[PDB]
file final.txt (compact mmCIF, C-alpha atoms (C1' of nucleotides) and all ligand atoms)
# COMPACT_ATOMS: atom_id res chain seq x y z
CA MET F 1 -4.38 1.42 25.54
CA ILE F 2 -6.50 3.66 23.31
CA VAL F 3 -5.99 4.25 19.62
CA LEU F 4 -7.55 7.00 17.55
CA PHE F 5 -7.44 6.45 13.79
CA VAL F 6 -8.17 9.09 11.20
CA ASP F 7 -8.87 8.54 7.51
CA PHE F 8 -9.71 11.38 5.14
CA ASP F 9 -12.83 11.01 2.91
CA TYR F 10 -12.63 10.22 -0.84
CA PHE F 11 -9.54 12.35 -0.37
CA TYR F 12 -8.09 13.04 -3.81
CA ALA F 13 -11.65 13.64 -4.99
CA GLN F 14 -12.57 15.79 -1.99
CA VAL F 15 -9.46 17.92 -2.51
CA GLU F 16 -10.35 18.69 -6.12
CA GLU F 17 -13.76 19.77 -4.84
CA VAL F 18 -12.30 22.04 -2.17
CA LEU F 19 -10.24 23.62 -4.95
CA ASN F 20 -13.24 23.86 -7.27
CA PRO F 21 -16.63 24.00 -5.48
CA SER F 22 -18.41 23.55 -8.81
CA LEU F 23 -17.50 19.86 -8.73
CA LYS F 24 -19.49 19.57 -5.54
CA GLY F 25 -22.71 17.73 -6.29
CA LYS F 26 -21.46 16.10 -9.49
CA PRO F 27 -19.87 12.62 -9.51
CA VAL F 28 -16.08 12.89 -9.67
CA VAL F 29 -13.39 10.46 -10.75
CA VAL F 30 -9.69 11.10 -10.24
CA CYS F 31 -7.62 9.01 -12.60
CA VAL F 32 -4.08 8.21 -13.57
CA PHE F 33 -3.67 8.25 -17.35
CA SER F 34 -0.80 6.06 -18.57
CA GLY F 35 -0.40 8.22 -21.65
CA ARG F 36 -0.68 5.09 -23.72
CA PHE F 37 -4.09 6.02 -25.11
CA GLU F 38 -6.25 9.13 -24.70
CA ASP F 39 -8.16 7.31 -21.95
CA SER F 40 -5.77 4.57 -20.91
CA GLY F 41 -5.31 4.23 -17.15
CA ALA F 42 -6.80 3.34 -13.77
CA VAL F 43 -8.82 5.24 -11.15
CA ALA F 44 -7.16 6.64 -7.99
CA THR F 45 -10.65 7.37 -6.53
CA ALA F 46 -14.07 8.80 -7.15
CA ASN F 47 -16.30 10.74 -4.81
CA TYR F 48 -19.39 9.11 -3.33
CA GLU F 49 -21.71 10.19 -6.15
CA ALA F 50 -19.70 8.15 -8.68
CA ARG F 51 -18.93 5.49 -6.10
CA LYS F 52 -22.61 4.59 -5.70
CA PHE F 53 -22.68 3.30 -9.26
CA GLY F 54 -19.70 0.94 -9.01
CA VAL F 55 -16.92 3.38 -10.02
CA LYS F 56 -14.23 2.19 -7.58
CA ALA F 57 -10.47 2.72 -7.14
CA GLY F 58 -8.30 0.48 -9.30
CA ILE F 59 -10.64 -0.13 -12.24
CA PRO F 60 -9.89 1.04 -15.82
CA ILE F 61 -10.70 4.60 -16.75
CA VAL F 62 -12.52 2.92 -19.61
CA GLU F 63 -14.81 0.79 -17.47
CA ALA F 64 -15.70 3.95 -15.51
CA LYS F 65 -16.75 5.81 -18.64
CA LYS F 66 -19.14 3.08 -19.81
CA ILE F 67 -20.92 3.50 -16.46
CA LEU F 68 -20.62 7.24 -15.98
CA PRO F 69 -19.90 8.57 -19.46
CA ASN F 70 -20.81 11.98 -18.07
CA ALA F 71 -19.01 12.01 -14.72
CA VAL F 72 -16.23 14.58 -14.26
CA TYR F 73 -12.88 12.90 -14.94
CA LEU F 74 -9.83 14.63 -13.54
CA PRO F 75 -6.12 13.80 -13.88
CA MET F 76 -4.48 13.06 -10.55
CA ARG F 77 -2.44 16.05 -9.25
CA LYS F 78 -0.54 14.17 -6.55
CA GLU F 79 1.84 16.96 -5.44
CA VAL F 80 -1.28 18.94 -4.56
CA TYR F 81 -2.71 16.09 -2.43
CA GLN F 82 0.56 15.53 -0.61
CA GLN F 83 0.57 19.24 0.20
CA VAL F 84 -2.90 19.14 1.72
CA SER F 85 -2.04 15.89 3.47
CA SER F 86 1.02 17.26 5.25
CA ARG F 87 -0.92 20.28 6.49
CA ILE F 88 -3.51 17.95 8.05
CA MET F 89 -0.91 15.60 9.42
CA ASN F 90 0.60 18.66 11.11
CA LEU F 91 -2.69 19.52 12.78
CA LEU F 92 -2.90 15.96 14.13
CA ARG F 93 0.58 16.03 15.68
CA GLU F 94 -0.86 18.73 17.98
CA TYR F 95 -3.17 16.20 19.66
CA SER F 96 -0.64 13.50 20.42
CA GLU F 97 3.09 12.75 20.40
CA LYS F 98 2.72 9.09 19.46
CA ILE F 99 1.53 9.36 15.87
CA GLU F 100 2.03 7.08 12.90
CA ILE F 101 1.42 8.33 9.37
CA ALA F 102 0.24 5.09 7.77
CA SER F 103 -0.37 6.57 4.31
CA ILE F 104 -1.15 9.68 2.24
CA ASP F 105 -4.49 10.04 4.00
CA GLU F 106 -4.41 8.22 7.32
CA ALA F 107 -2.86 8.13 10.79
CA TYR F 108 -2.96 6.32 14.12
CA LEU F 109 -2.55 8.35 17.32
CA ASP F 110 -2.05 6.75 20.70
CA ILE F 111 -4.17 8.94 22.95
CA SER F 112 -3.79 6.84 26.11
CA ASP F 113 -2.08 9.77 27.85
CA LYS F 114 -4.53 12.39 26.56
CA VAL F 115 -7.80 10.80 27.60
CA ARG F 116 -9.18 8.89 30.57
CA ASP F 117 -11.97 6.85 28.99
CA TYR F 118 -13.87 6.07 25.81
CA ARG F 119 -16.29 8.98 26.27
CA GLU F 120 -13.35 11.36 26.43
CA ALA F 121 -11.64 9.72 23.47
CA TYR F 122 -14.85 10.31 21.57
CA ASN F 123 -14.95 14.08 22.16
CA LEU F 124 -11.27 14.27 21.27
CA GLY F 125 -12.41 12.75 18.00
CA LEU F 126 -15.14 15.35 17.43
CA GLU F 127 -12.62 18.01 18.39
CA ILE F 128 -10.31 16.67 15.67
CA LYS F 129 -13.02 16.41 12.97
CA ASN F 130 -13.85 20.06 13.54
CA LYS F 131 -10.31 21.38 13.48
CA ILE F 132 -9.59 19.83 10.10
CA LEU F 133 -13.01 20.97 8.87
CA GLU F 134 -12.36 24.61 9.76
CA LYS F 135 -8.66 24.70 8.93
CA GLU F 136 -8.80 22.81 5.64
CA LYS F 137 -12.51 22.15 5.06
CA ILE F 138 -11.89 18.42 4.49
CA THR F 139 -14.25 15.93 6.13
CA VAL F 140 -12.73 12.81 7.65
CA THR F 141 -13.82 9.67 9.49
CA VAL F 142 -12.48 8.74 12.94
CA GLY F 143 -12.58 5.29 14.54
CA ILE F 144 -11.69 4.56 18.17
CA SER F 145 -10.72 1.32 19.95
CA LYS F 146 -8.10 -0.63 21.95
CA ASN F 147 -5.57 -1.42 19.20
CA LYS F 148 -4.62 -0.45 15.65
CA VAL F 149 -6.70 -3.06 13.83
CA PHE F 150 -10.01 -2.33 15.50
CA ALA F 151 -9.43 1.40 15.22
CA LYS F 152 -9.24 0.98 11.45
CA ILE F 153 -12.22 -1.36 11.28
CA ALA F 154 -14.22 1.19 13.26
CA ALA F 155 -13.49 3.98 10.79
CA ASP F 156 -14.56 1.82 7.86
CA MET F 157 -17.85 1.20 9.59
CA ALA F 158 -18.39 4.92 10.15
CA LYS F 159 -17.54 6.14 6.66
CA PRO F 160 -18.38 8.61 5.28
CA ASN F 161 -17.89 11.61 7.58
CA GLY F 162 -18.37 9.67 10.79
CA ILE F 163 -16.84 8.74 14.13
CA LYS F 164 -17.16 5.42 15.92
CA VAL F 165 -15.94 3.96 19.18
CA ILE F 166 -15.63 0.20 19.57
CA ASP F 167 -15.35 -0.58 23.27
CA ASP F 168 -14.13 -3.79 24.90
CA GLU F 169 -17.63 -5.26 24.87
CA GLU F 170 -18.22 -4.17 21.27
CA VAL F 171 -14.90 -5.84 20.45
CA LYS F 172 -15.87 -9.23 21.86
CA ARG F 173 -19.00 -9.10 19.72
CA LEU F 174 -17.01 -8.16 16.61
CA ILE F 175 -14.76 -11.15 17.07
CA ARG F 176 -17.94 -13.23 16.80
CA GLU F 177 -19.79 -11.27 14.11
CA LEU F 178 -17.86 -9.43 11.35
CA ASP F 179 -17.06 -11.20 8.09
CA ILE F 180 -13.38 -12.29 8.26
CA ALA F 181 -12.94 -10.74 4.80
CA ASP F 182 -13.36 -7.33 6.44
CA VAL F 183 -10.17 -7.74 8.48
CA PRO F 184 -7.23 -5.49 7.48
CA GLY F 185 -4.61 -7.55 5.66
CA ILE F 186 -7.11 -10.08 4.36
CA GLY F 187 -7.56 -9.86 0.62
CA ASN F 188 -9.46 -11.99 -1.85
CA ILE F 189 -7.09 -14.92 -2.14
CA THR F 190 -6.52 -15.10 1.61
CA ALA F 191 -10.26 -14.80 2.25
CA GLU F 192 -10.83 -17.73 -0.10
CA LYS F 193 -8.20 -19.91 1.52
CA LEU F 194 -9.99 -19.29 4.81
CA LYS F 195 -13.39 -20.20 3.37
CA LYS F 196 -12.01 -23.60 2.36
CA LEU F 197 -11.31 -24.04 6.07
CA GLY F 198 -14.77 -23.02 7.15
CA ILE F 199 -13.47 -19.80 8.69
CA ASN F 200 -15.92 -16.88 8.44
CA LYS F 201 -15.34 -15.00 11.67
CA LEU F 202 -12.21 -14.29 13.70
CA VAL F 203 -13.47 -16.53 16.49
CA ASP F 204 -13.51 -19.51 14.08
CA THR F 205 -9.72 -19.10 13.98
CA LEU F 206 -9.38 -20.44 17.50
CA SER F 207 -11.01 -23.72 16.46
CA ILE F 208 -8.61 -24.72 13.68
CA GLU F 209 -5.33 -26.44 14.54
CA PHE F 210 -2.54 -23.86 14.28
CA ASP F 211 -0.49 -25.89 11.83
CA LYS F 212 -3.50 -26.19 9.53
CA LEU F 213 -3.78 -22.38 9.44
CA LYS F 214 -0.02 -21.97 9.12
CA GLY F 215 0.11 -24.42 6.24
CA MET F 216 -2.79 -22.77 4.42
CA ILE F 217 -2.09 -19.04 4.98
CA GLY F 218 1.49 -18.77 6.20
CA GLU F 219 2.62 -18.25 9.79
CA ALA F 220 2.37 -14.44 9.84
CA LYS F 221 -1.33 -14.17 8.99
CA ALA F 222 -1.90 -17.09 11.35
CA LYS F 223 -0.40 -15.45 14.45
CA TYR F 224 -1.83 -12.08 13.43
CA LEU F 225 -5.40 -13.41 13.09
CA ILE F 226 -5.00 -15.60 16.18
CA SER F 227 -4.04 -12.88 18.67
CA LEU F 228 -6.72 -10.73 17.08
CA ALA F 229 -9.40 -13.31 17.96
CA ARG F 230 -7.84 -13.74 21.41
CA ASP F 231 -7.98 -9.97 21.99
CA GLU F 232 -4.21 -9.88 22.55
CA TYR F 233 -3.18 -7.92 19.47
CA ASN F 234 -1.05 -5.08 20.70
CA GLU F 235 1.24 -3.41 18.21
CA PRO F 236 2.81 -0.09 19.15
CA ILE F 237 2.20 3.10 17.22
CA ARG F 238 5.51 3.99 15.60
CA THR F 239 6.77 6.64 13.22
CA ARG F 240 7.34 5.02 9.85
CA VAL F 241 10.57 5.30 7.88
CA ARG F 242 10.76 4.82 4.12
CA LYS F 243 12.37 1.53 3.16
CA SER F 244 12.22 2.09 -0.61
CA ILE F 245 11.73 4.77 -3.26
CA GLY F 246 10.93 4.16 -6.90
CA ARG F 247 9.32 5.14 -10.17
CA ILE F 248 7.57 3.13 -12.91
CA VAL F 249 6.11 4.31 -16.18
CA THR F 250 4.07 2.78 -18.99
CA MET F 251 5.87 2.79 -22.35
CA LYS F 252 4.03 4.03 -25.45
CA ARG F 253 4.05 0.45 -26.75
CA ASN F 254 5.03 -3.01 -25.49
CA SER F 255 8.56 -4.04 -26.27
CA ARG F 256 11.56 -6.32 -25.71
CA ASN F 257 14.04 -4.01 -27.36
CA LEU F 258 16.79 -2.69 -25.13
CA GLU F 259 17.47 0.54 -27.02
CA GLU F 260 13.79 1.39 -27.14
CA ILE F 261 13.38 0.74 -23.42
CA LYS F 262 16.47 2.51 -22.03
CA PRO F 263 15.03 6.06 -22.24
CA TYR F 264 12.09 5.10 -20.08
CA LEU F 265 14.42 3.35 -17.66
CA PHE F 266 16.66 6.39 -17.43
CA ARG F 267 13.82 8.81 -16.84
CA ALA F 268 12.68 6.62 -13.94
CA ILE F 269 16.21 6.59 -12.46
CA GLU F 270 16.47 10.35 -12.86
CA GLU F 271 13.24 10.91 -10.98
CA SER F 272 13.85 8.27 -8.31
CA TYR F 273 17.23 9.69 -7.46
CA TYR F 274 15.70 13.12 -7.00
CA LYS F 275 13.13 11.66 -4.61
CA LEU F 276 15.90 10.02 -2.59
CA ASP F 277 16.98 13.44 -1.41
CA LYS F 278 19.72 12.96 1.17
CA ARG F 279 19.40 9.15 1.12
CA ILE F 280 22.10 6.93 -0.44
CA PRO F 281 20.93 3.39 -1.39
CA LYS F 282 22.86 0.12 -1.23
CA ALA F 283 20.39 -1.94 -3.25
CA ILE F 284 18.69 -1.49 -6.62
CA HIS F 285 15.94 -3.36 -8.42
CA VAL F 286 14.74 -3.03 -11.99
CA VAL F 287 11.04 -3.81 -12.05
CA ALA F 288 9.00 -4.63 -15.12
CA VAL F 289 5.34 -5.33 -15.82
CA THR F 290 4.96 -7.79 -18.69
CA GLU F 291 2.42 -7.36 -21.47
CA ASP F 292 0.07 -9.48 -19.34
CA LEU F 293 0.36 -7.29 -16.23
CA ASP F 294 2.75 -9.86 -14.77
CA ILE F 295 5.53 -8.26 -12.72
CA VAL F 296 9.17 -9.37 -12.70
CA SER F 297 12.34 -7.86 -11.29
CA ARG F 298 16.08 -8.28 -10.96
CA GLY F 299 18.14 -6.36 -8.47
CA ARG F 300 21.47 -6.22 -6.72
CA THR F 301 22.75 -5.14 -3.32
CA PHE F 302 26.19 -3.49 -3.17
CA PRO F 303 28.80 -3.40 -0.36
CA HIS F 304 28.33 0.36 -0.32
CA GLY F 305 26.30 3.24 -1.70
CA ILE F 306 25.10 3.49 -5.31
CA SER F 307 25.72 6.79 -7.11
CA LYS F 308 23.37 7.86 -9.94
CA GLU F 309 25.94 6.85 -12.60
CA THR F 310 26.32 3.38 -11.14
CA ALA F 311 22.54 2.95 -11.20
CA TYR F 312 22.42 3.76 -14.93
CA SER F 313 25.03 1.06 -15.64
CA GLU F 314 23.72 -1.57 -13.25
CA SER F 315 20.10 -1.01 -14.30
CA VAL F 316 20.97 -1.77 -17.92
CA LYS F 317 22.66 -5.05 -16.96
CA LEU F 318 19.67 -5.96 -14.81
CA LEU F 319 17.24 -5.10 -17.63
CA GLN F 320 19.23 -7.31 -20.02
CA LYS F 321 18.90 -10.05 -17.42
CA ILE F 322 15.12 -9.70 -17.48
CA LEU F 323 15.06 -9.72 -21.25
CA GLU F 324 17.28 -12.82 -21.31
CA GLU F 325 15.31 -14.81 -18.75
CA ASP F 326 11.81 -13.77 -19.81
CA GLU F 327 10.42 -14.21 -23.32
CA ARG F 328 7.44 -11.84 -23.23
CA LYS F 329 7.33 -8.11 -23.84
CA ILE F 330 7.33 -5.36 -21.25
CA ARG F 331 4.57 -2.80 -20.76
CA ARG F 332 5.83 -0.83 -17.75
CA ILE F 333 9.42 -0.38 -16.59
CA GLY F 334 11.07 1.26 -13.61
CA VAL F 335 13.36 1.00 -10.60
CA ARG F 336 13.27 0.71 -6.83
CA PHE F 337 16.00 1.84 -4.43
CA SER F 338 16.33 0.45 -0.93
CA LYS F 339 18.73 -0.17 1.96
CA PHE F 340 19.44 3.50 2.52
CA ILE F 341 22.65 4.29 4.37
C1' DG E 1 18.54 -22.75 12.80
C1' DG E 2 18.61 -18.31 11.26
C1' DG E 3 20.80 -13.80 8.89
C1' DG E 4 21.22 -11.66 4.41
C1' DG E 5 19.98 -11.81 -0.74
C1' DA E 6 17.12 -12.44 -4.49
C1' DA E 7 12.73 -13.18 -7.05
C1' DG E 8 7.48 -13.88 -6.11
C1' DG E 9 3.24 -13.20 -3.56
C1' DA E 10 -0.41 -10.64 -1.41
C1' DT E 11 -2.42 -6.39 0.29
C1' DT E 12 -3.10 -1.58 0.62
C1' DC E 13 -2.84 3.43 -0.28
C1' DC X 1 -9.39 -8.34 -24.21
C1' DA X 2 -8.51 -3.59 -21.04
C1' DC X 3 -5.06 -2.42 -17.28
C1' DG X 4 -1.73 3.25 -12.66
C1' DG X 5 1.87 4.12 -9.66
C1' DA X 6 3.81 3.32 -4.89
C1' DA X 7 5.16 0.89 -0.59
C1' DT X 8 5.50 -2.72 2.68
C1' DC X 9 5.68 -7.18 4.76
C1' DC X 10 6.03 -12.07 3.98
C1' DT X 11 7.42 -16.67 2.00
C1' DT X 12 10.57 -19.92 -0.60
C1' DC X 13 15.18 -21.05 -2.02
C1' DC X 14 20.25 -20.17 -1.72
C1' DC X 15 24.82 -18.91 0.44
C1' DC X 16 27.14 -18.90 4.43
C1' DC X 17 28.13 -18.51 9.69
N1 LIG F 401 -6.10 2.10 -5.14
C1 LIG F 401 -5.83 3.30 -4.63
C2 LIG F 401 -6.38 3.67 -3.40
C3 LIG F 401 -6.11 4.93 -2.88
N2 LIG F 401 -5.29 5.83 -3.59
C4 LIG F 401 -4.99 7.16 -3.03
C5 LIG F 401 -6.06 8.17 -3.46
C6 LIG F 401 -7.11 7.96 -2.36
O1 LIG F 401 -7.94 9.12 -2.29
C7 LIG F 401 -6.16 7.92 -1.17
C8 LIG F 401 -6.84 7.32 0.06
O2 LIG F 401 -7.26 6.00 -0.28
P1 LIG F 401 -8.41 5.25 0.56
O3 LIG F 401 -9.19 4.38 -0.34
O4 LIG F 401 -7.77 4.61 1.74
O5 LIG F 401 -9.33 6.48 1.04
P2 LIG F 401 -10.43 7.17 0.07
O6 LIG F 401 -10.62 8.59 0.43
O7 LIG F 401 -10.09 6.85 -1.34
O8 LIG F 401 -11.80 6.40 0.43
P3 LIG F 401 -12.56 6.63 1.83
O9 LIG F 401 -13.94 7.14 1.67
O10 LIG F 401 -12.50 5.22 2.61
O11 LIG F 401 -11.68 7.61 2.74
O12 LIG F 401 -5.10 7.04 -1.60
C9 LIG F 401 -4.74 5.45 -4.82
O13 LIG F 401 -4.04 6.24 -5.45
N3 LIG F 401 -5.01 4.19 -5.34
MG MG F 402 -7.40 5.36 3.67
MG MG F 403 -9.61 8.18 2.72
MG MG F 404 4.31 -13.33 -11.23
call {"tool": "encode", "arguments": {"input": "final.txt", "output": "structure tokens", "more": "lines below"}}
Ligand SMILES: Nc1ccn([C@H]2C[C@H](O)[C@@H](COP(=O)(O)OP(=O)(O)OP(=O)(O)O)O2)c(=O)n1
Ligand SMILES: [Mg+2]
Ligand SMILES: [Mg+2]
Ligand SMILES: [Mg+2]
result
Amino acid sequence: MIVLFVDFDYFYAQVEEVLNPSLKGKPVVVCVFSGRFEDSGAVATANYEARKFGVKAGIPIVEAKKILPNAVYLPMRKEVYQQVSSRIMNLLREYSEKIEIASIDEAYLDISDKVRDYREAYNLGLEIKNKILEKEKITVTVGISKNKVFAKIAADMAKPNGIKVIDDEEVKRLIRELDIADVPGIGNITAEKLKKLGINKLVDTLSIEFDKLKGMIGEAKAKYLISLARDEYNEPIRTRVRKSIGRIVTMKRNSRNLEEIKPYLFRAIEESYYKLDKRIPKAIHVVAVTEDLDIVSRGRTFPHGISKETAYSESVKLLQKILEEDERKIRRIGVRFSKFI
DNA sequence: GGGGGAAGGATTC
DNA sequence: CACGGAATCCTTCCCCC
């Protein structure tokens, strides 16, 4: 089995550049302003100029300014990015039937039937980097290997604007080398729980008793990491289907007042329901981020579909439930719809 | 024991 | 003492078959 993984480069940032060549050469930071304050918000991404100096995705727009007070800061125009993304996803579909759009800027293609060996898979990759480069002028990184996980890992190692094949031999060596924290699905807390067990490489996972891994990091991550180390990880490439659709917004000020909060709640329902398109949901969840970025929610699943009107009513009861059971104020409020008919 | 719900938890884009 | 907006899969506790 051969998997080809593609991941666009500093995507949102690169897109703004392709739409305005003047930005090229200058550090760029794409951010999402909460509207709270003139510079309240987080960073979606920054190009590699700004990246060099610590400006990474997720940090406050304010932290970024201290560092690069003179970088170019642009508001995120997501509809534009989705547009560019779909056009590139369409070009990829041409190279293989089995394709999985994993996110706004990445995809896994099973090219087992389109190539005979790793050398051929490689040129397919170069063929793909060029197409996108001449059709959209967006550079991307490609990683190639035997399964989805190693295909991703490969692309991270080749970024930016690269291509990298990790063959069966190269895989065995990666199971031995490679910091376990670099494995997809392993974040900071999980990485720490593994350090307390003396686990630094995937291979080390074979040495611990299964129930000691299961007890420490849950059974899922256990099995996942185990088969990975045993070179038995084989998950099919499948087309993904949305399980949920939502919308959350930051209020102008924190609050615990129902009448002050309803308008924000209703806007979020209005916009979520438009995103649903044909879909009719059977479950609804009101989600809130407390004043201390803590997130809480209350939802309800119905015997049948939920019309927009019903969501307005139910959402208010659910919000009142949050207010009743939680004493702190709310900073962000919104909804999530799921269990589509 | 395990399916479906309901709140959290962790990770990732 | 800051601090965005989405999505997804998983784990713990509860009802119920
Ligand atoms: N915390 C994040 C991370 C990503 N994104 C969006 C904008 C990013 O441009 C896009 C792709 O995210 P990646 O980090 O996976 O890819 P990048 O292009 O940002 O970095 P790279 O150079 O690895 O491709 O997803 C976001 O909104 N918030
Ligand atoms: Mg990516
Ligand atoms: Mg990218
Ligand atoms: Mg919490």
call {"tool": "residues_near_ligand", "arguments": {"input": "final.txt", "ligand": "ligand MG 403 (chain F)", "cutoff": "9 Å", "atoms": "only C-alpha atoms (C1' of nucleotides) and all ligand atoms", "output": "compact mmCIF listing (two decimals) with C-alpha atoms (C1' of nucleotides), in the coordinates of the input"}}
result
# COMPACT_ATOMS: atom_id res chain seq x y z
CA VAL F 6 -8.17 9.09 11.20
CA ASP F 7 -8.87 8.54 7.51
CA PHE F 8 -9.71 11.38 5.14
CA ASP F 9 -12.83 11.01 2.91
CA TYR F 10 -12.63 10.22 -0.84
CA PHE F 11 -9.54 12.35 -0.37
CA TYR F 12 -8.09 13.04 -3.81
CA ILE F 104 -1.15 9.68 2.24
CA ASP F 105 -4.49 10.04 4.00
CA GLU F 106 -4.41 8.22 7.32
CA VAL F 140 -12.73 12.81 7.65
CA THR F 141 -13.82 9.67 9.49
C1' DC E 13 -2.84 3.43 -0.28
call {"tool": "residues_near_ligand", "arguments": {"input": "final.txt", "ligand": "ligand MG 404 (chain F)", "cutoff": "10 Å", "atoms": "only C-alpha atoms (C1' of nucleotides) and all ligand atoms", "output": "ChimeraX atom specification"}}
result
/F:289-290,292-297 /E:7-9
call {"tool": "residues_around", "arguments": {"input": "final.txt", "residues": "range 3-10 of chain X", "least_positions_apart": "4", "cutoff": "7 Å", "atoms": "only C-alpha atoms (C1' of nucleotides)", "output": "list in words"}}
result
residues 32, 34, 41, 42, 60 and 248 of chain F
call {"tool": "atom_distance", "arguments": {"input": "final.txt", "atom1": "CA of residue 288 in chain F", "atom2": "CA of residue 274 in chain F"}}
result
20.6 Å
call {"tool": "atom_distance", "arguments": {"input": "final.txt", "atom1": "CA of residue 336 in chain F", "atom2": "CA of residue 269 in chain F"}}
result
8.7 Å
call {"tool": "residues_near_point", "arguments": {"input": "final.txt", "point": "(21.7, -14.4, 4.4)", "cutoff": "12 Å", "atoms": "only C-alpha atoms (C1' of nucleotides)", "output": "MDAnalysis selection string"}}
result
(chainID E and resid 2:6) or (chainID X and resid 13:17)
call {"tool": "axis_aligned_box", "arguments": {"input": "final.txt", "around": "ligand LIG 401 (chain F)", "padding_each_side": "5 Å", "output": "AutoDock Vina command-line options"}}
result
--center_x -9.0 --center_y 5.6 --center_z -1.4 --size_x 19.9 --size_y 17.0 --size_z 18.2
